[PDB]
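Peer 1: Pasting an experimental structure, sequence included:
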Amino acid sequence: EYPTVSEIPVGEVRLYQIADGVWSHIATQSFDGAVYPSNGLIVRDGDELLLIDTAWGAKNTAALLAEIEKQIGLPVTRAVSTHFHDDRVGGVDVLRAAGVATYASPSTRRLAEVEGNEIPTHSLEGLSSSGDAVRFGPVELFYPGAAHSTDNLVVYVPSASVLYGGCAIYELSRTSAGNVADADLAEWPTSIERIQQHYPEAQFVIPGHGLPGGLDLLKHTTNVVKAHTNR
Ligand SMILES: Nc1nc(C(=O)O)c(Cc2cccs2)s1
Ligand SMILES: [Zn+2]
Ligand SMILES: [Zn+2]
């Protein structure tokens, strides 16, 4: 069963096998007086692994590398951060020290710098416009438009029909948008629609936080965002 926030002590990382050669990683961290779970993705890349997002902080990201080595045993050689928040880039310095080449779009790298967050080393060209997609080894990176943040990327694994939505996709049990400081609430529904349109075959959809679902999470997230638009 998918691990929940109460089951993962802060500082520990779980891996969850989604499909052959595709895992999520799950960690926990405090924000504003509460502890939240957070997901990223791991994808087999030949004899290497591609990491999607840090485990939300340096200590957690170190535990991620250790659990990957214990459970999978192949080297993490590249990492992509899907936007500029700490649950996506926090721990990039650990990855760099471990020999991982870290990547983000130029938009993410600028926004991280303004915010004072860690900055991935390498810039991903080809993702500046809504609807843009690029191949990155075993995945396709997709920029759907502004949503949770202006830079948020989603990631699709074609070999497995896994869509990683990151923080632009809410888990089903989440009923309130909560903190939307950096969001674009007017663009979010249209960006979700571009995701649905480009990845209609997605069999698994992983939110940035909480339990996996299927494509129903997209419309779920929309309705939760519009409920904040109205009141
Ligand atoms: N690092 C964090 N990101 C987010 C986010 O919404 O993306 C947080 C708020 C959450 C509310 C419920 C589950 S997560 S905390
Ligand atoms: Zn975020
Ligand atoms: Zn988040």
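Peer 2: Happy to help now that I have it. Residues are numbered from 1 along each chain as shown. Ligands and ions are numbered 1, 2, ... in the order given.

Peer 1: Quick check: bridge partners of the spatially most central residue of the chain?
Peer 2: Nearest residue to the geometric centre of the chain (CA atoms, centre = their mean): residue 166, 3.6 Å. Beta-bridge partners for residue 166, by DSSP bridges, are residue 207.

Peer 1: and it, what is it in contact with?
Peer 2: 53, 82, 83, 88, 148, 152, 153, 154, 155, 207, 208 (CB atoms under 8 Å, 6 or more residues apart in numbering). Backbone N, C-alpha and C define where each C-beta goes, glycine included.

Peer 1: among the residues you listed, which are within reach of ligand 1?
Peer 2: Residues of the contacts of residue 166 in contact with ligand 1 (CB under 6 Å from any ligand atom): 148, 208.

Peer 1: now, which of the contacts of residue 166 lie within strands?
Peer 2: Residues of those located in strands (DSSP state E): 154, 155, 207.

Peer 1: Pick the one among those residues closest to ligand 2.
Peer 2: In terms of CB to the ion, no member of these lies closer to ligand 2 than residue 207, at 11.6 Å.

Peer 1: Strands along this protein, start to end?
Peer 2: For the chain, strands defined by DSSP E occupy the ranges 14-19, 22-31, 34-45, 48-52, 76-80, 101-104, 122-123, 132-136, 139-143, 154-157, 162-166, 204-207.

Peer 1: To residue 190, which of the ones you listed lies closest?
Peer 2: In terms of CB to CB, the element of these nearest to residue 190 is strand 139-143, at 12.9 Å.

Peer 1: So what touches that closest one?
Peer 2: 43, 50, 52, 80, 105, 124, 127-135, 151-158, 195, 198-199.

Peer 1: hmm, try it at 7 Å
Peer 2: 43, 50, 80, 124, 127, 130, 132-134, 153-158, 198 (CB atoms under 7 Å, 6 or more residues apart in numbering).

Peer 1: ok, back up a step: neighbour-wise, which one of the contacts of residue 166 leads?
Peer 2: residue 53 (33 neighbours; other CB atoms under 10 Å).
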